[PDB]
């Protein structure tokens, strides 16, 4: 059996658990052996992971970068070892990559902002909880959101990273709340940060603030259904993982593939 490796940025996020499951299901279907390694949001750990795999008989590397710019060295190592690289969800700024599979994050950010404008109104006072700086995903969602900002004349009270993490999201929101009690809406660049922000609002007795997340994870969708989260932009993590293994199969089979494969987004609201 050929071995495909999946190096994921972290497993402490339901989104990446789903991405891993999607890849696992497809590997099983296509008869591949899937090795999963966790970089734990650490570029140093990611590099060590890739160095390790290059001598394990790995046929293809599926990588979800911890950082789009820092991952370059790891990609170049796979390149030297003649192991084809396919990036999933986040881009690699440097190094040779055969294919990239991800959502349109610029569109996602604009769509989230447009929905805020539709509910809280034009000129609304907003806070943005950004993802990990250095990732294409955070960068693109910010750009998209900025389009909605200019379009809807939003007043951005504060924008700050909470690293796609639920606990950091809670703490950052708690601190921002004390300095900006007049916030009307929050765009959280992923559901984990959105759920943390909701807990901060809960602790603070602020039920009047509209929160929009991103991912459509099981927890994210439940909160929308329970009326706590106003909306989330659903991605298809499982399909990103499956598409990665499928593309890996073609490459190994000598079939040529597209350099970029888009996966659809969907706005999710209650009802």
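Residue numbers count along the first chain shown, from 1.
Higher mean CA B-factor, judged across 234-242 and 26-34 from the recorded values: 26-34. When 128-136 is weighed against 172-180, 172-180 comes out higher, by mean CA B-factor as recorded in the entry. You'll see in the entry that, of 67, 215, 46, 208, the Cα B factor peaks at 208. Based on the entry's C-alpha B-factors, the most elevated value among 87, 189, 82, 93 belongs to 93. Ranked within its chain, residue 150 lands in the highest third, by CA B factor from the PDB record. The entry lists a Cα temperature factor for residue 265 that places it in the middle third of the chain's modelled residues. Sorting the modelled residues of the chain by their CA temperature factor places residue 123 in the highest third. The entry lists a Cα temperature factor for residue 63 that places it in the lowest third of the chain's modelled residues.
The entry lists a Cα temperature factor for residue 5 that places it in the middle third of the chain's modelled residues.
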